[PDB]
Every structure is written in C-alpha cells, then in structure tokens.
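Colleague: I'd like to ask you about the structure that follows.
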2 protein chains.
Amino acid sequence: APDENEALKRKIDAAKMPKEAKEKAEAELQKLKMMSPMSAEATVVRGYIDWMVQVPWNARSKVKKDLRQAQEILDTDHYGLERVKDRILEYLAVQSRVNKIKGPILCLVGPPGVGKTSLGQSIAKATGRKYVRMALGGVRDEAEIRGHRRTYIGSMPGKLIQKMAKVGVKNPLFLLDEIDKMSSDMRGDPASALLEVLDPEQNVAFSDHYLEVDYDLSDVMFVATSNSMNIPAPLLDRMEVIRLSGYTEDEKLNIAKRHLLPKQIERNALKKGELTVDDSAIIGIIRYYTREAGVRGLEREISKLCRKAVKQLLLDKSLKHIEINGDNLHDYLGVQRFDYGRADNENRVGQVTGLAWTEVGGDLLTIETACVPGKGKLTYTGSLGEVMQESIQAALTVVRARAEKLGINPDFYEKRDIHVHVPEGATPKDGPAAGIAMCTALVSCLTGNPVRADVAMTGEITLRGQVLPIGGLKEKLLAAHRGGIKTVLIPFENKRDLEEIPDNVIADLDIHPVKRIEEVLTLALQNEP
Amino acid sequence: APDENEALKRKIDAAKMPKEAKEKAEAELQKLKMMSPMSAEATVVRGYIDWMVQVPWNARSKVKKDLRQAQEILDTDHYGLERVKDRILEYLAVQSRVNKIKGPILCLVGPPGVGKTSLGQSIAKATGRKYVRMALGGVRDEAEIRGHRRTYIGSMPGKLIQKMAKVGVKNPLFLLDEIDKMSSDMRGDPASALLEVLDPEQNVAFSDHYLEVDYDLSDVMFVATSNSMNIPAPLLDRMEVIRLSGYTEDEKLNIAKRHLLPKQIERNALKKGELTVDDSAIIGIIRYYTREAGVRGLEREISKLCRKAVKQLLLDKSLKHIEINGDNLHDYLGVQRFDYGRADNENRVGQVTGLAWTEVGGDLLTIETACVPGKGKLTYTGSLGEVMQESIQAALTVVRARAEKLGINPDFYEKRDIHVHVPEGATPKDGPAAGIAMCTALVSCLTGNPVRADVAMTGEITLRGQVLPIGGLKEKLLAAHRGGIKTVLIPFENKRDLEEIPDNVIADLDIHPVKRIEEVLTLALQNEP
C-alpha cells in the first residue's frame, strides 16, 4: 500500500524472468502490497526481491570452445606441472561438445601449498566463466549451504545463493575448497544438500529454505579441492580424483623466479631495480629454511627478504640497490634451522632411516630398536596396529632363522626383551612398509653393526626373507631427495614403476632394486654381516 | 480464514480419494481454515496437502501379464547370465496370477560391480511398473524410513513416502539397495519399520509418524540387493536369496563390446566412427589392468581411453580416426599394474598358493611356513581362530606320521618351532579349507622341496590323511582362472559338483580330484617325496 511497495514492485517488472523466476516473482507480489512499517515483514520481502534481481538468468558468460587457448592459459598458471594440466585438458575436451557435464567435477587433492587456487583461476579463465569461491571446511549444518525458512527478516539465503547472486551469470565456476574438512555435527549431514546442488538430475530443480522455488543450476560448473583422499562416500560419486605432489629443487627455483619473486616484489611496493635475488639465495632457502612439498616457506622467506630490504633501503638514502646472494642471505634470515645432507650423520646402530607414505607427501622417519636383558617380551611404541605386530613377528622369525649366519646368539629371543619405536606410526599408510627397516635395526641391535647413513629403505617383508612391492614410490623418492639421501632401497617388484617417475628425481638418487633380506642387509650395514 | 486456506481447500476436492485418503483429508481440513500467517502452522498443513495430492491412489501402472516379453527384456539388460534371469522368470510366473506377492522379494547378492541396478531396471520394464530406488545403507534410525511427528513445519515424511509421492503409481518397483549395510545405532532397529512396510499383513495399514493415517502398500513390489549374505535375521523372512558371481574372459569381452563401449562412447560425446577398440585391447585391460569379479575396472579404463582419445583428436585437426589395439594400449594407460600367468613364478619352498572363498568372490592367497630352531612351539599369524589351530595340529600329526616316508627327522617337533602365516585369514570362510596348503608348506619347510608353481589347492584335512569336501568351488575356480592358474587340486567328494559349473571355466583349468594327502604331495611338490 505505501510508496515502498510500489518501488519494489517495479523491480519485478524491470527484470526479465523465466517460468520459475516468474513463479517466485508472483509469490513475492502476493507477499508485497502490504504495510511497509510492518516490522520483520517488509524488510524480508524487500531482501527477497533484491536477491531475485541479483539471481542470474537469461544471461551467462561466453564459454570458450577452442582448446589451444585453454592449454596456453593453463601453461602460465603456476608452472604447468605437465601432469595435471593434461587431465584438465581432457576434461575440457569432453566438455567441448555440450554445456552439460554429466560426469565428474575435477576434484584436486594434494599437500597444502600447491597451485590449487591458481589452477581454479586458470580453468575459469580458459573456460571464459566468472570465478567464485566457497569454502566447505568447517561446515556442519545444512543452514550453511541452504538458507533459512521463509520467515521474519534475517533469514538470509545460503552461501551458494549469495555467491550466485553476486556473480550475475548462469554458468559460473563454483570452487569447493576443503571438501575433506567438512563434517556433520549440527543438522544431519549437509552432504545431501551438496548432492542436490551437484547431481545433474537434482541441480535443475534445487530448492532452498528461503528460495523455496526451484532454480536451474545444471549450467553451473563445480570444482572441488582437498588435501587427503578421505572424501565422504556420498560426495565421492560423480567425481574424478587428481592427485598432486611436491616439486624438485630446480622446479621450485623456477617457480620462485617466475611468479613468487614478482608477486612478492609487487606486493611490497618495490621497483624493478630495487631488489635482485640470485639462484643461490633461493637454493639456500629451500635447503636450510623450509622442509615441505609446497612453496609456502619460499613465499614467507621472500616476503621477509622484501620487507627487510625495504626497511634497510628506506633508512639509508645512500643505498641505491640491494643484492642478496647465497652468502649474505643469513644476514636477513639468521641462523639456519634445517640440515641438508647425511654425509656427516655419524651412522648409528639402533637407528634406521626409512621412507613413509603420507597423504600430504612422503617423509623421512628414524625407527629405533632396543635389545635389553629380559625374558623375551615384545614392546612397541608409536601407536602401531596389528599389521605392525605381525610384521615385527615375521622380522623376528627371519632374524631367528638367520642368526647363525649373522652371528647372533640363538637364545636372544628367550633372555632379552625387544622394544621397537616407530615415530609417527599413525601416518595414513595402510601396511607395514617399514619391515626391512625394523629387521635391519634388530640385526644391528643384536650384532652391533652400525647402519650406514645416507641410506633409505621401505618395503614389506615375509617369513622367508622376500620383499613385497609397495605403493607411493614417487612421494618417498621426493622425500629422500629433499632430505639429501642418495642411497634408496626399494623392492624389486616396484622397478617397473620407475618408468613413471621423471628423470629429475631418478638422476639425483641412487636406487637399488632388492628382493631378499640379504641384499638389504649387505647394502645397509657397514660390515658384511 | 485467509485466501490461502481457500486455495488449499480446493486441492482436497480436485483429487479423488479413497476411505483412508478421505480420512486424512478430513483431518487436514480440520487443521485448515486457520490463520495463514501462523508461523510453522500453515506451512506444515500446506506441505501435508501437497503430499496427499502427490500420494498415489486410484491410479497404477499397467502391469504386463505375458512372460515372453519379460524374458526378451531380461535378455538385454547386461548379459543375461542364463542363471539368475531364469529364477526371475520363475518369480514372475508365480506373480502372473494375482497382484499379491505373498512371499519373497527377490533379494540379490554378489560382489560389487555386477548388473544389479540393470537387473532392477529390466524387471521394472518387464513388469510395466515405474522404477524408483532407495538406499538402505547407512540407515540407523526409524526417522529415515518414516517421517517426523505431526508438528511444526520441517517434519517432512520419510524417504519411502517421498518416493511414493514422486512416483504417482500405487504399484511401483521399490528397490532396496545395500540392505547388508543397514545398522541400528540411533533409534532402536529400523528393521521393524521395514517389516511393517514389507509384510503383506502390515503394509496394507502402514502408518507413518507424519502420515499417521494408514496407507495401502500391498500393491507395491519390493526388491532388495546386497553384497554379502549377512542379512539381519528380522529382514531375512519373506525373502529369496539369489547369488551372483563374476564373469569369464570371453564373457567380460562380450559385455564390454555390447554395453560398456557404447555407453562410454555416448557419454563422452563421441561419434560412431571416431574411436575403434578391438578385442586385444579389452583382453589386455582385463589381464593387466584389473583384478575383480565385476566390470568396474573395465568401465574406468574405457572412460580413460575415450577421454584421452577425445583430447588427442581435438588438439590434432589432421587426425581423422583413432584406433587402439593390444600394442598401443599402454600408450593410453601406462605401465602394466598386474601380472597374468604363473609360468615364470620361480617356484618357492615355504610358499603355497591356495584358493579362498569370500562373500564377494573367491581369491588367491599365498600361505607361508617357517621352521626355525627352537623347542617345538606353534605360532600362527593372520588372525586365525580355533578351527585353524586344530587344522594345523592335524597337519602336524600327519607330518609326524609320514616323516619316515617323506624323509623328515622324527625329532622336528621337539627341537624346532613352526610359524604358519595365512594372509587375510579373516576372510568370511567358515572352515579351514587350507589344510592341504599348510600341510604341503610344512612338508616343504622340513624337506626343502619347492612347491610347483601354477598350482592351486583347497580343501579340508583329517588326522588319517583324508581330504574332506568343501563349498564354493565356482568362486575358487573363477579366481584361479583370473589369476592364470591351470593346475587346481580339489577334493574328490566335490567331483560331483563339477557338473554344475559351465564348460567355459572347466575347459581352461586342469582339475585333478584328490582324496589323500599323498596324491596332493605328489602332484604339488617338484620331486617325488
């Protein structure tokens, strides 16, 4: 009745609306023409009108059809990686026929600190669609994806509806960040709602608590990102998992010299000829200032360098240029915090270096064994399961069978207790891939032979002394390369897998395929036995 | 009183309703004609009215009466299998007289990756009834099958009521997927509700929390599917179990060339003359790229091939056709991940190959035995029970009785400890069917005779050296065929069961019925003893 109800009514006629939009517009019209000073009644309908005007329809982004430009765009996002972009291109080709996905959503998984956001932005630019993000981590209620009931003012729509209202296109690139961090603790499981907004048979008629009228969401492209492969079962359908990994020394150096350095220089309001960093400084930072698979440490170190350089040049008008090399780098970072190289490790007896497979990239572990006098009981530490128990039992049996050859007293399992400690045993690794490590440590404790340093080993063991194949050799090799380990012992059955590993990692490490316990004991111990 | 209460009232008169529907309509009418702006009061009654209008009655699907068309439809679902479809036809014949089931629900069980959904859709098409699915896995509360109490808005009906409202027919095909995955952890056991909706004496008057008025559900046909035979006892009544199994090489090849390839080609938006795959590529994929009973691996590999072919042909306008054979297949899949054939296995002593019966299809296991110096204690690994203990004891007794004939020192059980390892001993197999395997491995450890490779064995043993019959020979034979094993040793009493196995599996394997331990020791060991 008042003037407000008139102006709002115009917002319904000044915007073109399809059948569903016309239906919700008619509903709002029936809800309009009422008293404007009505507390919590006119404001909610006004907000609904604004949302409808903001909801996209009869308009979309010009989606590109050529694939060459998509490849050229994907080649300049972070580094290219020559591995994941190819898969992306494949998906684009499958989508180069119709506007209907009818399949996966190109899910990305890997350790944090990689080009996930960069890949999403590159895909948005290649597809010619607007970019929009939404975080799935920490979500535990359907009230986060969907809105509230059609009631008094304050019942704002869900995050998805808000993002769609802000992005006035019917075919945007909706990114789903931290899908593995989503939980279900407030109102059932919100995964169902996600399915309703992701399944091509349900997104066309997706209904919201506030926007009860069905909205067409089949043209919206969705992309999910995660850190681990522990994606909920209902969210695993219609999804393709693409695993990402770390980078090598030269790869990280090129990445830093291509985007990290220019971005940090432009962010700190620096000039083109104010700071010059060579490759020696970056190498020193990667070797003694960061230990990870991503480039987060490099970014933080470059930011600190830029800030310190700006402060030093500002307080000294006589300084015209600042150059940081591999020698004065410490002057801006301090004492080194990490060690590179195992040449001066002073090889020990009870300690063994092994490779561990982790969902965020493999790492290095130092397993220990203690053989003290007792009655023969077995003790283990590191939150190990039954698999580790049977593996230790098999290793003990192998040691008992080869004690005569190794010079071990056959009565060691009767008058001496064994305690095996495996640090970070709760790693997301299904299977006791450290069998050879524990066996070598046991042989060392019983014989006193120090385990040769700068040597890494991983793989399963049997009761007859045979080595079984394992998975995730790329991550373990990358971890050994970052840790400065040159000698790596892997099972023989995994030799055929080396053909799928780039030469940049194999040319730096010395791999020796083994299949028996005697070979690992000969190549790992300092002496012959 | 307002205009809304009027329109809603019309929805009660514009739809024909039986006695029960008229009763719930009268209840809603008594609940209607109230204030429409009543928060959580008018919306719930409006939803109830919509549900009632959507609930089916006085309308049904034209159920077919002929059986020839049903057989023709069942012959084109996945492959036909010539085994389960027959049983289905039998059920249809029993149902070709009246619309009352009064019996089982045609429960299907088998390993994942088979034509379960295809069988359900084929049954729906043959019976002329609409198809609808509902997943039973993960259900742990009665609030999932039934609705909520008749209270404020938000108390939506159960999944069953929603499916019935969406499918406007009184006789639909309700599929119950993952019945073995259902649990009872939130509100008692929902199985009771299932019975109320499945028992012909209770479905006619099935009451819901939201739809408190009894609804006739006797004309609704129910079908359940599962993976294992561990169906809850209350849900086992009025149910017929139909077990499914894997497929052979030629069967999988025909299935891939009949539906997998066309479906994957149509899904990837491919043309009729864009990709051509021969039988060599499919054979190579089944032999070195997948090890299962279903066709999931084949589907994934064909999808990857189609995606790679689309990307390769799109980025190369000069390419007119892509042909993948048994040689260039690796170019699209990489290095082989599985091994086929045991000819180059390099027969070992302490290892023995055996067949294992599993609820999702039999598989191959490698049992090991270690004879180390000690006092004669017995150790076992693989989460074995008392049955395995008594079986190992019987095998040890047989070895002690035949040590003189086999050349074993009679004092082996007094100065040497034995450790038997059975990988994946927790298999759902009731009975130590690996007696001969453990006995042969023990004889090998004590004598050093390597067990001939490419040989499989399974069966029970006694104290006198007699072999007892076992069950599940089809699954074990299929596993041996997939693993590339030609020599299979089975008990003599099971010979009469070979007549129930198709020739496609027997013509590829060399079965030798045995009844004594001497025959298995002669046909399994490399030498005579």
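Chain labels follow the order of the structure tokens: the first chain is A, the next B, and so on; residue numbering restarts at 1 in every chain, and ligands are counted from 1 in their shown order.
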Counting only C-alpha atoms, which residues of chain B come no farther than 9 Å from chain A, as a PyMOL selection string?

Modeller: chain B and resi 39+267-270+306-312+314-315+334-337+350-351+368-374+381-382+419-421

Colleague: How would the residues just picked look written out with C-alpha atoms as a PDB file, in the first residue's frame?

Modeller:
ATOM      1  CA  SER B  39       4.349 -19.434  11.727  1.00  0.00           C
ATOM      2  CA  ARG B 267      28.723 -40.411 -22.558  1.00  0.00           C
ATOM      3  CA  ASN B 268      31.970 -38.851 -23.834  1.00  0.00           C
ATOM      4  CA  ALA B 269      30.065 -37.240 -26.752  1.00  0.00           C
ATOM      5  CA  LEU B 270      31.865 -39.363 -29.347  1.00  0.00           C
ATOM      6  CA  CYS B 306      37.657 -42.245 -24.508  1.00  0.00           C
ATOM      7  CA  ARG B 307      38.749 -39.080 -22.686  1.00  0.00           C
ATOM      8  CA  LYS B 308      42.341 -39.379 -23.912  1.00  0.00           C
ATOM      9  CA  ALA B 309      41.158 -40.082 -27.462  1.00  0.00           C
ATOM     10  CA  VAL B 310      38.884 -37.026 -27.417  1.00  0.00           C
ATOM     11  CA  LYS B 311      41.682 -34.785 -26.146  1.00  0.00           C
ATOM     12  CA  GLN B 312      44.151 -36.174 -28.698  1.00  0.00           C
ATOM     13  CA  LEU B 314      40.678 -32.308 -30.599  1.00  0.00           C
ATOM     14  CA  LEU B 315      44.238 -30.946 -30.391  1.00  0.00           C
ATOM     15  CA  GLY B 334      50.927 -46.591 -18.966  1.00  0.00           C
ATOM     16  CA  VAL B 335      52.881 -49.476 -17.495  1.00  0.00           C
ATOM     17  CA  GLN B 336      51.023 -52.657 -16.583  1.00  0.00           C
ATOM     18  CA  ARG B 337      49.999 -52.922 -12.930  1.00  0.00           C
ATOM     19  CA  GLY B 350      58.000 -72.033   2.027  1.00  0.00           C
ATOM     20  CA  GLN B 351      55.189 -70.538  -0.089  1.00  0.00           C
ATOM     21  CA  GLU B 368      53.834 -69.355   4.245  1.00  0.00           C
ATOM     22  CA  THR B 369      55.502 -71.575   6.835  1.00  0.00           C
ATOM     23  CA  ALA B 370      58.775 -71.157   8.713  1.00  0.00           C
ATOM     24  CA  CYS B 371      60.588 -73.990  10.505  1.00  0.00           C
ATOM     25  CA  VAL B 372      63.221 -72.396  12.750  1.00  0.00           C
ATOM     26  CA  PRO B 373      65.287 -73.988  15.556  1.00  0.00           C
ATOM     27  CA  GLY B 374      63.593 -73.951  18.940  1.00  0.00           C
ATOM     28  CA  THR B 381      49.644 -65.210  12.093  1.00  0.00           C
ATOM     29  CA  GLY B 382      46.703 -63.910  10.095  1.00  0.00           C
ATOM     30  CA  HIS B 419      55.318 -70.445  12.407  1.00  0.00           C
ATOM     31  CA  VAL B 420      52.422 -70.532   9.926  1.00  0.00           C
ATOM     32  CA  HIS B 421      51.296 -67.290   8.259  1.00  0.00           C
TER      33      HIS B 421
END

Colleague: With a distance cut-off of 9 Å and only C-alpha atoms, select the neighbouring residues of residue A:125, excluding the residue or stretch itself and same-chain residues fewer than 5 positions from it, and output the selection as a tab-separated table (two decimals) with N, CA, C and O atoms, in the first residue's frame.

Modeller:
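out_35.tsv, written as the output of this step:
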chain	number	residue	atom	x	y	z
A	70	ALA	N	43.01	-22.71	-24.16
A	70	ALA	CA	42.92	-23.26	-22.81
A	70	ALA	C	44.26	-23.81	-22.37
A	70	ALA	O	44.68	-23.62	-21.22
A	73	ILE	N	46.63	-20.97	-21.60
A	73	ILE	CA	46.31	-20.34	-20.32
A	73	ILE	C	46.76	-21.23	-19.17
A	73	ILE	O	47.32	-20.74	-18.17
A	74	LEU	N	46.55	-22.54	-19.28
A	74	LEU	CA	46.95	-23.46	-18.23
A	74	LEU	C	48.47	-23.58	-18.12
A	74	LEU	O	48.97	-24.01	-17.08
A	120	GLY	N	42.39	-23.36	-10.30
A	120	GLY	CA	40.99	-22.99	-10.43
A	120	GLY	C	40.82	-21.71	-11.22
A	120	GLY	O	39.95	-21.62	-12.10
A	130	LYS	N	33.07	-16.68	-15.09
A	130	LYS	CA	33.47	-15.91	-13.92
A	130	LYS	C	33.93	-16.84	-12.80
A	130	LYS	O	33.44	-17.96	-12.65
A	131	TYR	N	34.88	-16.35	-12.01
A	131	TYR	CA	35.46	-17.10	-10.90
A	131	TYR	C	34.79	-16.74	-9.58
A	131	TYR	O	34.56	-15.56	-9.30

Colleague: Which of stretch 67-181 of chain A counts as strand (DSSP E) under DSSP, as a list in words please?

Modeller: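 Listing strand (DSSP E) positions across stretch 67-181 of chain A yields residues 107, 108, 109, 131, 132, 133, 134, 135, 173, 174, 175, 176 and 177 of chain A.
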
Colleague: Can you tell me which residues surround residue A:198 at a distance of at most 10 Å, considering only C-alpha atoms, apart from same-chain residues fewer than 6 positions away, and format the answer as a list in words?

Modeller: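 Using only C-alpha atoms, the neighbours found are residues 104, 105, 192, 204, 206, 217, 218, 220, 221, 222, 235, 237 and 238 of chain A.
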
Colleague: Those same residues, written as a PDB file, in the first residue's frame with N, CA, C and O atoms?

Modeller:
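Just written: again08.pdb:
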ATOM      1  N   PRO A 104      32.141 -36.336 -13.755  1.00  0.00           N
ATOM      2  CA  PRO A 104      32.926 -35.839 -12.614  1.00  0.00           C
ATOM      3  C   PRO A 104      32.943 -34.322 -12.484  1.00  0.00           C
ATOM      4  O   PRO A 104      32.368 -33.607 -13.309  1.00  0.00           O
ATOM      5  N   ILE A 105      33.609 -33.825 -11.439  1.00  0.00           N
ATOM      6  CA  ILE A 105      33.715 -32.398 -11.174  1.00  0.00           C
ATOM      7  C   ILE A 105      35.165 -31.935 -11.074  1.00  0.00           C
ATOM      8  O   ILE A 105      35.422 -30.825 -10.606  1.00  0.00           O
ATOM      9  N   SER A 192      24.129 -34.286   1.642  1.00  0.00           N
ATOM     10  CA  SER A 192      22.931 -34.481   0.830  1.00  0.00           C
ATOM     11  C   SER A 192      22.611 -33.220   0.040  1.00  0.00           C
ATOM     12  O   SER A 192      22.374 -33.277  -1.174  1.00  0.00           O
ATOM     13  N   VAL A 204      18.920 -29.041 -11.404  1.00  0.00           N
ATOM     14  CA  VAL A 204      17.996 -28.329 -12.281  1.00  0.00           C
ATOM     15  C   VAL A 204      16.780 -27.847 -11.499  1.00  0.00           C
ATOM     16  O   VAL A 204      16.142 -26.856 -11.876  1.00  0.00           O
ATOM     17  N   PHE A 206      16.875 -27.453  -7.849  1.00  0.00           N
ATOM     18  CA  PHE A 206      17.381 -27.311  -6.492  1.00  0.00           C
ATOM     19  C   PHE A 206      16.547 -26.287  -5.733  1.00  0.00           C
ATOM     20  O   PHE A 206      16.408 -25.139  -6.168  1.00  0.00           O
ATOM     21  N   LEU A 217      20.331 -25.055 -11.890  1.00  0.00           N
ATOM     22  CA  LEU A 217      21.760 -24.994 -11.604  1.00  0.00           C
ATOM     23  C   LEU A 217      22.543 -26.031 -12.404  1.00  0.00           C
ATOM     24  O   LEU A 217      23.660 -26.388 -12.018  1.00  0.00           O
ATOM     25  N   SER A 218      21.978 -26.521 -13.511  1.00  0.00           N
ATOM     26  CA  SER A 218      22.671 -27.521 -14.315  1.00  0.00           C
ATOM     27  C   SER A 218      23.821 -26.917 -15.111  1.00  0.00           C
ATOM     28  O   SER A 218      24.784 -27.622 -15.436  1.00  0.00           O
ATOM     29  N   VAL A 220      25.867 -24.642 -14.014  1.00  0.00           N
ATOM     30  CA  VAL A 220      26.935 -24.214 -13.117  1.00  0.00           C
ATOM     31  C   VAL A 220      27.975 -25.324 -13.016  1.00  0.00           C
ATOM     32  O   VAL A 220      27.650 -26.464 -12.669  1.00  0.00           O
ATOM     33  N   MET A 221      29.228 -24.989 -13.317  1.00  0.00           N
ATOM     34  CA  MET A 221      30.325 -25.943 -13.253  1.00  0.00           C
ATOM     35  C   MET A 221      30.923 -25.925 -11.853  1.00  0.00           C
ATOM     36  O   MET A 221      31.220 -24.854 -11.313  1.00  0.00           O
ATOM     37  N   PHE A 222      31.094 -27.105 -11.268  1.00  0.00           N
ATOM     38  CA  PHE A 222      31.644 -27.237  -9.929  1.00  0.00           C
ATOM     39  C   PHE A 222      33.007 -27.916  -9.965  1.00  0.00           C
ATOM     40  O   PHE A 222      33.254 -28.817 -10.773  1.00  0.00           O
ATOM     41  N   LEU A 235      29.827 -37.974  -1.232  1.00  0.00           N
ATOM     42  CA  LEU A 235      30.407 -36.938  -2.073  1.00  0.00           C
ATOM     43  C   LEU A 235      31.432 -37.486  -3.056  1.00  0.00           C
ATOM     44  O   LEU A 235      31.982 -36.716  -3.850  1.00  0.00           O
ATOM     45  N   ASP A 237      30.743 -39.813  -5.406  1.00  0.00           N
ATOM     46  CA  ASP A 237      30.106 -40.089  -6.685  1.00  0.00           C
ATOM     47  C   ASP A 237      30.193 -38.876  -7.607  1.00  0.00           C
ATOM     48  O   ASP A 237      30.171 -37.725  -7.160  1.00  0.00           O
ATOM     49  N   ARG A 238      30.290 -39.154  -8.911  1.00  0.00           N
ATOM     50  CA  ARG A 238      30.393 -38.119  -9.941  1.00  0.00           C
ATOM     51  C   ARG A 238      31.576 -37.198  -9.655  1.00  0.00           C
ATOM     52  O   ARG A 238      31.459 -35.971  -9.678  1.00  0.00           O
TER      53      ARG A 238
END

Colleague: Using only C-alpha atoms for the distances, tell me which of B:433, B:45, B:445, B:456 is nearest to residue B:155.

Modeller: B:45

Colleague: Kindly give the distance, in Å, that separates atom CA of residue B:440 and atom CA of residue B:510, rounded to a single decimal.

Modeller: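 According to the coordinates, atom CA of residue B:440 and atom CA of residue B:510 are separated by 19.4 Å.
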
Colleague: Near residue A:34, counting only C-alpha atoms, which residues have an atom at most 10 Å away, once you skip same-chain residues fewer than 4 positions from it, shown as a VMD selection string?

Modeller: chain A and resid 1 to 2 4 to 5 29 to 30 38 41 to 42

Colleague: Would you put the residues from that selection into a file with N, CA and C atoms, as an mmCIF file, in the first residue's frame?

Modeller:
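Contents of the output file result34.cif:
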data_model
loop_
_atom_site.group_PDB
_atom_site.id
_atom_site.type_symbol
_atom_site.label_atom_id
_atom_site.label_comp_id
_atom_site.auth_asym_id
_atom_site.auth_seq_id
_atom_site.Cartn_x
_atom_site.Cartn_y
_atom_site.Cartn_z
ATOM 1 N N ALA A 1 0.803 -1.221 0.000
ATOM 2 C CA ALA A 1 0.000 0.000 0.000
ATOM 3 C C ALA A 1 0.846 1.287 0.000
ATOM 4 N N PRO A 2 1.894 1.382 0.858
ATOM 5 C CA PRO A 2 2.708 2.608 0.854
ATOM 6 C C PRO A 2 3.532 2.769 -0.414
ATOM 7 N N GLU A 4 6.759 2.458 -0.756
ATOM 8 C CA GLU A 4 7.775 1.414 -0.860
ATOM 9 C C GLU A 4 7.276 0.241 -1.696
ATOM 10 N N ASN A 5 6.123 -0.325 -1.316
ATOM 11 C CA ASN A 5 5.548 -1.451 -2.048
ATOM 12 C C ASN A 5 5.410 -1.163 -3.535
ATOM 13 N N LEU A 29 5.020 -10.969 -5.138
ATOM 14 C CA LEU A 29 3.990 -9.971 -5.401
ATOM 15 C C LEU A 29 2.811 -10.185 -4.466
ATOM 16 N N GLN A 30 2.436 -11.450 -4.248
ATOM 17 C CA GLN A 30 1.356 -11.743 -3.317
ATOM 18 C C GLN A 30 1.765 -11.353 -1.905
ATOM 19 N N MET A 38 5.530 -2.651 8.664
ATOM 20 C CA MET A 38 5.374 -3.942 9.325
ATOM 21 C C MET A 38 6.754 -4.488 9.668
ATOM 22 N N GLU A 41 8.534 -7.821 8.276
ATOM 23 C CA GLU A 41 7.678 -8.293 7.194
ATOM 24 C C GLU A 41 8.016 -7.646 5.861
ATOM 25 N N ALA A 42 8.202 -6.325 5.831
ATOM 26 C CA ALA A 42 8.539 -5.654 4.582
ATOM 27 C C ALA A 42 10.023 -5.758 4.263
#

Colleague: Name all residues at most 8 Å from stretch 107-109 of chain A (count only C-alpha atoms; drop same-chain ones fewer than 6 positions away) and give them as a PyMOL selection string.

Modeller: chain A and resi 116+223-229+239-244

Colleague: Could you please take those selected residues and save N, CA and C atoms as an mmCIF file, in the first residue's frame?

Modeller:
data_model
loop_
_atom_site.group_PDB
_atom_site.id
_atom_site.type_symbol
_atom_site.label_atom_id
_atom_site.label_comp_id
_atom_site.auth_asym_id
_atom_site.auth_seq_id
_atom_site.Cartn_x
_atom_site.Cartn_y
_atom_site.Cartn_z
ATOM 1 N N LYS A 116 46.571 -24.915 -6.213
ATOM 2 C CA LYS A 116 45.160 -25.285 -6.308
ATOM 3 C C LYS A 116 44.316 -24.089 -6.733
ATOM 4 N N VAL A 223 33.887 -27.468 -9.073
ATOM 5 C CA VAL A 223 35.240 -27.996 -8.937
ATOM 6 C C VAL A 223 35.548 -28.077 -7.449
ATOM 7 N N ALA A 224 36.066 -29.218 -7.006
ATOM 8 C CA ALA A 224 36.389 -29.428 -5.605
ATOM 9 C C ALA A 224 37.887 -29.622 -5.419
ATOM 10 N N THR A 225 38.373 -29.212 -4.249
ATOM 11 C CA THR A 225 39.774 -29.333 -3.881
ATOM 12 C C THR A 225 39.857 -29.936 -2.488
ATOM 13 N N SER A 226 40.942 -30.660 -2.227
ATOM 14 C CA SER A 226 41.121 -31.298 -0.932
ATOM 15 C C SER A 226 42.603 -31.545 -0.689
ATOM 16 N N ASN A 227 42.908 -31.978 0.533
ATOM 17 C CA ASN A 227 44.266 -32.290 0.956
ATOM 18 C C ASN A 227 44.526 -33.788 1.014
ATOM 19 N N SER A 228 43.583 -34.555 1.550
ATOM 20 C CA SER A 228 43.688 -36.000 1.663
ATOM 21 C C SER A 228 42.598 -36.666 0.832
ATOM 22 N N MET A 229 42.748 -37.977 0.641
ATOM 23 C CA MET A 229 41.795 -38.768 -0.124
ATOM 24 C C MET A 229 40.644 -39.286 0.730
ATOM 25 N N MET A 239 32.728 -37.801 -9.372
ATOM 26 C CA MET A 239 33.909 -37.017 -9.048
ATOM 27 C C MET A 239 35.169 -37.748 -9.490
ATOM 28 N N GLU A 240 36.097 -37.003 -10.082
ATOM 29 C CA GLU A 240 37.369 -37.542 -10.548
ATOM 30 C C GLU A 240 38.477 -36.995 -9.659
ATOM 31 N N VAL A 241 39.258 -37.892 -9.070
ATOM 32 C CA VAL A 241 40.343 -37.512 -8.173
ATOM 33 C C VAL A 241 41.631 -37.336 -8.966
ATOM 34 N N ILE A 242 42.260 -36.173 -8.811
ATOM 35 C CA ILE A 242 43.518 -35.839 -9.467
ATOM 36 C C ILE A 242 44.497 -35.510 -8.350
ATOM 37 N N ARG A 243 45.505 -36.360 -8.173
ATOM 38 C CA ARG A 243 46.492 -36.177 -7.118
ATOM 39 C C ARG A 243 47.659 -35.310 -7.573
ATOM 40 N N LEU A 244 48.074 -34.404 -6.694
ATOM 41 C CA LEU A 244 49.189 -33.501 -6.922
ATOM 42 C C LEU A 244 50.307 -33.835 -5.942
#

Colleague: What gap, in Å, lies between atom CA of residue A:115 and atom CA of residue A:341?

Modeller: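 Spanning atom CA of residue A:115 to atom CA of residue A:341 is a straight-line distance of 28.1 Å.
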
Colleague: Run DSSP on the backbone of this structure and report the residues of stretch 153-307 of chain B it assigns to helix (DSSP H, G or I), as a PyMOL selection string.

Modeller: chain B and resi 159-166+191-198+203-205+233-236+249-267+279-288+296-307

Colleague: Using only C-alpha atoms, which of A:43, A:100, A:437, A:330 sits nearest residue A:201?

Modeller: A:100

Colleague: Can you tell me, as a list in words, what residues are no more than 9 Å from residue A:427 when counting only C-alpha atoms, ignoring any on the same chain fewer than 4 positions away?

Modeller: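 Once the adjacent positions are removed, what remains is residues 356, 357, 358 and 359 of chain A.
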
Colleague: For residue A:506, list every protein, DNA or RNA residue within 10 Å, evaluated using only C-alpha atoms, and leave out those in the same chain fewer than 3 positions away; present the list as a PyMOL selection string.

Modeller: chain A and resi 474+477-478+481+486+498-499+501-503+509-511

Colleague: Find the distance between atom CA of residue A:296 and atom CA of residue A:114 and write it in Å to one decimal.

Modeller: 8.4 Å

Colleague: Measuring atom to atom with only C-alpha atoms, identify which of A:429, A:78, A:133, A:377 is nearest to residue A:257.

Modeller: A:78
